[PDB]
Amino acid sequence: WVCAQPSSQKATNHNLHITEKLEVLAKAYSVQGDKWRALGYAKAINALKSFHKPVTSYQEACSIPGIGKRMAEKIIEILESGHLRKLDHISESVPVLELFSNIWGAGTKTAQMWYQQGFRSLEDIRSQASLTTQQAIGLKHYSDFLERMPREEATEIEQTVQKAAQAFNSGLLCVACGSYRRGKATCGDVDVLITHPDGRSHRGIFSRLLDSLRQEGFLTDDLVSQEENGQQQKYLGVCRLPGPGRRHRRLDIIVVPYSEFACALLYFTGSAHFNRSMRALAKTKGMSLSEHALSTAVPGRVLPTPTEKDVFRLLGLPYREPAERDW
């Protein structure tokens, strides 16, 4: 279980010659849509990254959780020969599929369709492809959404959101989660969680907050924002700080009831692989873990989780600080 161990085990990778090659195959399977095969590669890569020493034998590889017969044979190949033959036999469509699936709002199905239709470049997409509203925004910001910002800029973005929120309710709590809370030096976006400790004033704040951030010109595009019926949980969009030298940055906001704060904070801090491991563990124990609650198997019972530590405790896991969840 990745979630049972500190992610600092990957800081010293004794198998990088192997993992940098498996990573190429993992991405090739992912963009072609073979999600489960790609998942097995991703888990094997993490297992090899955390292992305490270089793997040197077939029996040694198979003994590692996440590494089976097939993955062992690839490891043996890279050790003996220095190369992996399959890397010379990846589908020729893969670079273009990767190019296309890096448009926000286009995944493997859209990328494969565009490839079948004869498109090979973003110029082809721009000039000939049918784009959803989201995809057109993704394409307009193609390079910007592939950039990571310095964490200092993420702080400024969080502060912009926080000041706008607290201006109409001074009791609102705002926390930047994701890679920022995990202590990374750069951030792909800013993930802001908003709640209110009184348990009720979080309701209806999206309309006021988004209007405020629009009034000051900070939000530039909206990707996901269901503003019609008042039940909105998330905003996914684009912002830009004022002044020269600024880039468009992705911004995600969630507003959660205080009763769900610990589970929402745990979810939104991640990492994604950490969450998936923790959720899979919870299931083996007759529980279910989401961004709303830790509950028993089904209508199940909601377990009491006032803090993140309580979730770890109820799953039998030692607590990990956010920086140690970077799987």
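What we label the rigid core is the largest C-alpha set whose atoms superpose within 1.5 Å from one form to the other. Sequential numbering from 1, following the sequence displayed.
Core-fitted comparison in 5 other deposited structures of this protein, 127-135 vs 232-240, farther C-alphas: Looking at 127-135 versus 232-240 in 5 other deposited structures of this protein, the farther one turns out to be 232-240.
79-87 versus 175-183: which one's CA atoms end up farther from this form in 5 other deposited structures of this protein after a core fit? When 175-183 and 79-87 are compared in 5 other deposited structures of this protein, the bigger C-alpha shift is seen for 79-87.
Unmodelled deposited residues between residue 272 and residue 273: none, 1 to 3, 4 to 9, or 10 or more? In the record, the chain runs straight from residue 272 to residue 273 with none unmodelled.
Highest mean C-alpha temperature factor of the two stretches 260-268 and 24-32, which is it? Averaging CA B-factors over each stretch, the winner is 24-32.
On average, are the C-alpha B-factors higher in 172-180 or in 228-236? The recorded data point to 228-236.
Among 140, 109, 163, 200, where is the Cα temperature factor highest, going by the PDB entry? If I rank 140, 109, 163, 200 by C-alpha B-factor, first place goes to 200.
Please work out which residue in 292, 53, 37, 276 has the highest C-alpha B-factor recorded for this crystal structure. Highest C-alpha B-factor among the listed options: 53.
Cα B factor band for residue 83 (lowest, middle or highest third within the chain): It belongs to the highest third of the chain when residues are ordered by C-alpha B-factor.
Third of chain Cα B-factors occupied by residue 74: For residue 74, the deposited C-alpha B-factor lands in the highest third.
Using the B-factors in the PDB entry, rank residue 105's C-alpha atom against the chain and give the third, lowest, middle or highest. As the PDB entry reports it, the C-alpha B-factor of residue 105 lands in the lowest third of its chain.
Can you work out whether the C-alpha temperature factor of residue 245 puts it in the lowest, middle or highest third of the chain? Answer is middle: the recorded C-alpha B-factor places it there.
Per the entry's values, where does residue 157 land by CA temperature factor relative to the rest of its chain, in the lowest, middle or highest third? Ranked within chain, residue 157 CA B lands in the lowest tercile.
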